[PDB]
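Per-entry structural report
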Amino acid sequence: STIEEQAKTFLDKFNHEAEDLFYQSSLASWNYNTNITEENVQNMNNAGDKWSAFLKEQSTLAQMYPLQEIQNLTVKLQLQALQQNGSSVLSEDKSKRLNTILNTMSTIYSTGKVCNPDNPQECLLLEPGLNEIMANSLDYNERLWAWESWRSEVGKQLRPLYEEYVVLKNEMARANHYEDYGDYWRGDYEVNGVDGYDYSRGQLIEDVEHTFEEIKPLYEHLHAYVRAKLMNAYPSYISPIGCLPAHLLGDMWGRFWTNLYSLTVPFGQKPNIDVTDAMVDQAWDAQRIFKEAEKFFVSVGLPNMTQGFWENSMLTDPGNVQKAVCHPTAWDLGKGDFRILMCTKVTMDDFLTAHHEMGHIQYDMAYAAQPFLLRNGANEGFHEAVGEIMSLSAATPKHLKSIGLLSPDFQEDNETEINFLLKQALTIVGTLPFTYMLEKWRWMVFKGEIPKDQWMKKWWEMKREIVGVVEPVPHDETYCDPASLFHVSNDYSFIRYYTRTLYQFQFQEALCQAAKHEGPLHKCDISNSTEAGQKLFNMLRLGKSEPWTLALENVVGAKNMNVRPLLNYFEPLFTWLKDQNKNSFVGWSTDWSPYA
Amino acid sequence: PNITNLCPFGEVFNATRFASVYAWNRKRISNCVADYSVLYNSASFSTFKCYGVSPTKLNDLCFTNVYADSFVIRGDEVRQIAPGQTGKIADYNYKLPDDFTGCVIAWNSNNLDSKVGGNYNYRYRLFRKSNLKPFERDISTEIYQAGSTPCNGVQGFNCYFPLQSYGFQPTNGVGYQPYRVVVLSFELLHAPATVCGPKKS
Ligand SMILES: *[C@@H]1O[C@H](CO)[C@@H](O[C@@H]2O[C@H](CO)[C@@H](O[C@@H]3O[C@H](CO)[C@@H](O)[C@H](O)[C@@H]3O)[C@H](O)[C@H]2NC(C)=O)[C@H](O)[C@H]1NC(C)=O
Ligand SMILES: *[C@@H]1O[C@H](CO)[C@@H](O[C@@H]2O[C@H](CO)[C@@H](O[C@@H]3O[C@H](CO)[C@@H](O)[C@H](O)[C@@H]3O)[C@H](O)[C@H]2NC(C)=O)[C@H](O)[C@H]1NC(C)=O
Ligand SMILES: *[C@@H]1O[C@H](CO)[C@@H](O[C@@H]2O[C@H](CO)[C@@H](O)[C@H](O)[C@H]2NC(C)=O)[C@H](O)[C@H]1NC(C)=O
Ligand SMILES: *[C@@H]1O[C@H](CO)[C@@H](O)[C@H](O)[C@H]1NC(C)=O
Ligand SMILES: *[C@@H]1O[C@H](CO)[C@@H](O)[C@H](O)[C@H]1NC(C)=O
Ligand SMILES: *[C@@H]1O[C@H](CO)[C@@H](O)[C@H](O)[C@H]1NC(C)=O
Ligand SMILES: *[C@@H]1O[C@H](CO)[C@@H](O)[C@H](O)[C@H]1NC(C)=O
């Protein structure tokens, strides 16, 4: 008999018995996260340690099949996931050292404490407090002190751990047929099957800046406008020639500029569209909010929501001693079980979060028919983009008026539209250069172009060039600034957030085009459009069975990743900014610094 | 005539315990008056899907030696019980002929055959050397060789156990909760017919 038959029998044996164990682990995790008792901790530990202790043998057995003779693609693609060494390529000592390094790095990051100089006994943590200080405060000196204290009492001891971590993980990757760890991360964006849809690991590198160079003028104009407004702000600090400092952005790292909205409102007098008071006045509970969110998807055309979601899921207000961590999550426990978890309150942000999580649930429900190993998105960027599309499309004034929240005789004009566009831009488009620079730095350091001595300095001039952020105070070699980040100290890839925005805007533009809408793109709505729902479903149902290049062929007409929809969305904002700052100049000079 | 003689459908529909699909239960029914009206009007039954005989004319027809086969399967697999159908249990566990003249009833049993820890007492056949002939029952439990080497009844490489259990749980969604299925077969051979419905006066 052929090898393919043996592989098929092995897969059929494996998946059915894996499903039940995965379901048990998911149920234990749900019980722990919904009811925090001591018993649940060890129950989850002893009901999940078995899942890996079972996956190990299945991975071990899936090597006697010589994966260069299998055909039919789908079988080979399914078997590719199983044939993963993981971290077993190395001996016990190196593996346990790496695990201990990860654990100690996580513990150091998660227990940070910095004390103000006058009281060395009352410290502050990254929890609200120090974060609150750098979020919603006004003093220059205290912001600078908090920045320096956090970067000098957290990331100073991380340098040796990260230095050993880099070489250890690079050695593991080289043992796993990848010359860098950057290749190991980029392997997700790789397909070597059908001809005409193929994609290589190194192509993403050439693609990232190719699609980044087109949005540079927009970022430059936003930088110029924000710098001008900050010059109307804190005096004798900003320079009208250079680029703005680091600790004045409005966050610990400057990942998001949302906290900076208050200082740089275009008009100010015009109030934003907020319906929290209207929602309260009509006595709206969580059930009403979730039913409206379900009706939106039903009107679009997606399948109706199943029973048990309204029963098993913890929708709202745990209340009494029954404590529960309630970061808003959507759980896919398997075996046709879907749930949500949230502490719902009466506020607009809760409405948007409910829509986002419901979209996540819909996408999870779409591909339930695929085999066990292929129940994910085509790549790591599709899932969050699909989730955020509904949030983008559910905040339009027309949709709010249709559900009877805004006044029926409401009229929108130039000022409020520009205000909303600026508010959304400050969050969406102000983070792309930061992510691009961080990922470029990580790839470069993994490849080893920058040696041990050229770590912090190179990081800083690439930040000054790409982003436009200067030194409050110098750091020579004894600090590790990027290490003081959640996604860097916990070993998480960061290029997902760059592709998510482009994917979501391409999807929104395609749906609006095939939805018969006329006018500006930012006022588009996809409610009451069955064709758009059918087009979206035809791609959502695929799962991981097809390459993401083919996935970007049913929603849009081009497989490549282009950036035109972003420049189309912020068109009125760009044309207002063009005639807004007609005296100040775009661009920055990399030589001026606050301290020199 | 006068007062009729009932037929025992209670012991086949309201039995406390059914049997796994790989050993589906068979019962023969003869010399009785069967009333299908109470079965048709019942609202509990989800699937009442029978082809060769019109549902409203069961009482008019008169057959001999009716058969009833009962088992318990998964929700998603109820579509596999039909003439000219293919799947996993249709060709390995229970196969119907292409000239079927019978009637299949299926209903939900989530609150009877489920347990909070899981009901692991239902098993089905997953690996066979070849397909199954119509109305054939196989209970052989022998190790399966998927390669070109003897297995000697030990679960080694490419040597699998043929029967695999079920994982029913109370919180599983529709399509995984257990369903109970019973099929009625109406044969008509040369001996005088005895089994058919009441003659109203
Ligand atoms: C999507 O389509 C639905 C209908 O399929 C739209 O709902 C309909 O909205 C209109 C007004 O926009 C409603 O008409 C009004 O009804 C009230 C009574 O509810 C009446 O007092 C008014 O004089 C007026 O006739 C209509 O009832 C309503 N129908 C349903 C079933 O809800 C919905 O607005 C559309 N969403 C869009 C276009 O975003
Ligand atoms: C199997 O058990 C079920 C119940 O577990 C039997 O069905 C039930 O049979 C009783 C007795 O005839 C029915 O009660 C009657 O209902 C009528 C209509 O309301 C009423 O007028 C009578 O006075 C009497 O109360 C009952 O409705 C019926 N259904 C249910 C859901 O309980 C069934 O007969 C047993 N046998 C078989 C072969 O199914
Ligand atoms: C690879 O093999 C699988 C069988 O496991 C094929 O899947 C079946 O394909 C046929 C025809 O395309 C469908 O009618 C079936 O519904 C599919 N599923 C099953 C379970 O049979 C698959 O098409 C094959 N792919 C290639 C490229 O040969
Ligand atoms: C949470 O766990 C405790 C510990 O067993 C238990 O007493 C309590 O009933 C649980 N909560 C709920 C809502 O069941
Ligand atoms: C996993 O490691 C073993 C050595 O322990 C090696 O023989 C095997 O080929 C590796 N798996 C893959 C898929 O390369
Ligand atoms: C969708 O589910 C709701 C929940 O009860 C129901 O009211 C509505 O009729 C359903 N719509 C369908 C099945 O088209
Ligand atoms: C918005 O700008 C256009 C462009 O001239 C103008 O015609 C219109 O009156 C403006 N609307 C408001 C409310 O200012």
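Residues numbered from 1 in each chain as written, not as in the entry; some residues may be left out. Chains lettered and ligands numbered in written order. Heavy atoms only, no water.

So, helix 6 (residues 140-152) of chain A
Every α-helix winds through 3.6 residues per turn, so residues three or four apart in the chain are directed the same way. Residues and elements named next belong to chain A. A rise of 1.5 Å per residue sets the reference length of helix 6, with its 13 residues, at 18 Å; its end C-alpha atoms lie 18 Å apart and thus fit the reference within 8%. All of the buried residues along helix 6 are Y140, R143, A146, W147, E148, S149, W150, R151 and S152. On its buried face, helix 6 is in contact with helix 4 (92-110), strand 1 (114-115), helix 5 (130-135) and helix 19 (456-466). Regarding helix 6, its N-cap is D139, as a side-chain oxygen of that residue lies 3.4 Å from the backbone nitrogen of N141 further along. (Helix = DSSP H or I, 4+ residues; strand = E, 2+ residues; numbered from the N terminus. Expected span 1.5 Å × (residues − 1). Buried < 20%, exposed > 50% of the residue type's maximum accessible area, 1.4 Å probe, protein only. Contact = heavy atoms within 4.5 Å. Polar contact = N/O pair within 3.5 Å; in protein donor to acceptor, adjacent residues only side chain to side chain.)

What about the UniProt feature "disulfide bond" in chain B?
All names here are of chain B. At 2.0 Å, the distance between the sulfur atoms of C7 and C32 falls under 2.5 Å, matching the disulfide given in UniProt. On the criterion of sequence distance, the pair formed by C7 in the segment before helix 1 (10-13) and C32 in the loop between strand 1 (25-29) and helix 2 (37-41) is long-range, its members being 25 residues apart. Each member of the pair, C7 together with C32, is buried. Between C62 and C196, where UniProt places a disulfide bridge, the two sulfur atoms sit 2.0 Å from each other, close enough for the bridge to exist in this structure. Taken together, the positions of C62 in strand 3 (residues 62-63) and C196 in strand 11 (residues 195-196) put the pair 134 residues apart, joining distant regions of the chain. (Disulfide = S-S within 2.5 Å. UniProt positions renumbered as here; feature names shortened; annotations may be inferred.)

A few points about the environment of A:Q454
Residues and elements named next belong to chain A. Note that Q454 resides in the loop between helix 18 (432-447) and helix 19. Spatially, the C-alpha atoms of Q454 and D476 are 9.6 Å apart, while their sequence positions differ by 22 residues. In this structure the side chain of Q454 is engaged in a polar contact, spanning 3.4 Å, whose partner is the side chain of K457.

Quick look at the pattern of salt bridges
Under the defined criterion, the tally for this structure stands at 25 salt bridges over all chains. Between B:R128 and B:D138 there is a salt bridge, with its nearest N and O atoms 2.4 Å apart. Placement of the pair is B:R128 in the loop between strand 6 (123-125) and strand 7 (144-145) and B:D138 in the loop between strand 6 and strand 7, with a sequence separation of 10 residues. Under the relative-accessibility criterion, B:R128 is labelled buried at 16%. Take B:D138: its relative accessible area is 27%, and that puts it in the partly exposed class. Each member of the salt-bridge network shares a partner with another, and the members are A:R159, A:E163, A:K452 and A:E477. (Salt bridge = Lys/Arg side-chain N within 4 Å of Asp/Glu carboxyl O.)

So, the sheet that holds strand 5 (residues 102-108) of chain B
Residues and elements named next belong to chain B. Strand order in the open sheet formed by five strands is 1-4-10-5-2, with antiparallel pairing between adjacent strands. In the strand order of this sheet, the two ends are held by strand 1 and strand 2 (47-49), each with one partner. Averaged over all adjacent pairs, the angle separating strand axes in this sheet is 15°, with direction ignored. Both strand 5 and strand 10 (residues 179-185) contribute to a ladder of seven bridges, which runs antiparallel. (Pairing = 2+ DSSP bridges. Axes fitted to C-alpha atoms, helices over the stretch in contact; angles between N-to-C directions.)

Some points on the interface of chain A and chain B
Each partner contributes to the interface: chain A provides 18 residues, whereas chain B provides 19 residues. Interface area for chain A against chain B, summed over the two sides, is near 1600 Å², with a carbon-plus-sulfur share of 47%. When the area that chain A buries against chain B is broken down by residue, the three leading residues are A:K13, A:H16 and A:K335, summing to 34%. For the interface between chain A and chain B, the tally reads one salt bridge. Counting across the chain A and chain B interface gives 11 residue pairs in polar contact. Looking at the side of chain A that touches chain B, the element that brings in the most residues is helix 1 (residues 3-34) of chain A, giving 11 residues. Its residues assigned to classes, the side of chain A that touches chain B comprises four nonpolar, six polar and eight charged. (Buried area = accessible area lost by both parts, 1.4 Å probe. Nonpolar A, V, L, I, M, F, W, Y, C, P; charged D, E, K, R; others polar.)

Quick word on the packing of aromatic side chains
Overall, the coordinates contain 55 aromatic pairs over all chains when judged by the stated rule. For the pair A:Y181 and A:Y184, a centre-to-centre distance of 5.5 Å together with 20° between the ring planes defines the contact as stacked. Pair noted here: A:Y181 and A:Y184 are both in helix 8 (residues 181-186), with a separation of three residues, about one helical turn. Within the aromatic cluster, the residues linked to one another by ring pairs are B:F9, B:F13, B:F18, B:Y36, B:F45, B:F63, B:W107 and B:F186. Of note, A:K156 hangs over the ring of A:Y479, and the distance from its end group to the ring centre comes to 4.3 Å. The side chain of B:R26 reaches across the aromatic face of B:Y67, ending 4.6 Å from its centre. (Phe/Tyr/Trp six-rings, centres within 6.5 Å; stacked < 30°, edge-to-face > 60°. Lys NZ or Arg CZ within 6 Å of the ring centre and 35° of its normal.)

Concerning unusual backbone geometry
The phi dihedral of A:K516 is positive, around 55°, even though this residue is not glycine. Relative to the helices and strands, A:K516 resides in the loop between helix 21 (496-513) and helix 22 (530-540). Of note in the backbone geometry, B:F135 takes a positive phi value of approximately 55° without being a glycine. Along the polypeptide, B:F135 turns up in the loop between strand 6 and strand 7.

Observations concerning the domain arrangement of chain A
Residues and elements named next belong to chain A. For chain A, the domain assignment lists domain 1 (1-84), domain 2 (196-273 + 406-596) and domain 3 (275-379). Taking only C-alpha atoms into account, the centre of domain 1 sits 27 Å from that of domain 3. Each partner contributes residues to the interface: domain 1 has 20 residues there, and domain 3 has 21 residues. The contact between domain 1 and domain 3 buries some 1800 Å² in all, and 71% of this surface belongs to carbon and sulfur atoms. Put simply, domain 1 and domain 3 have two salt bridges between them. (Domains from an automatic or database assignment.)

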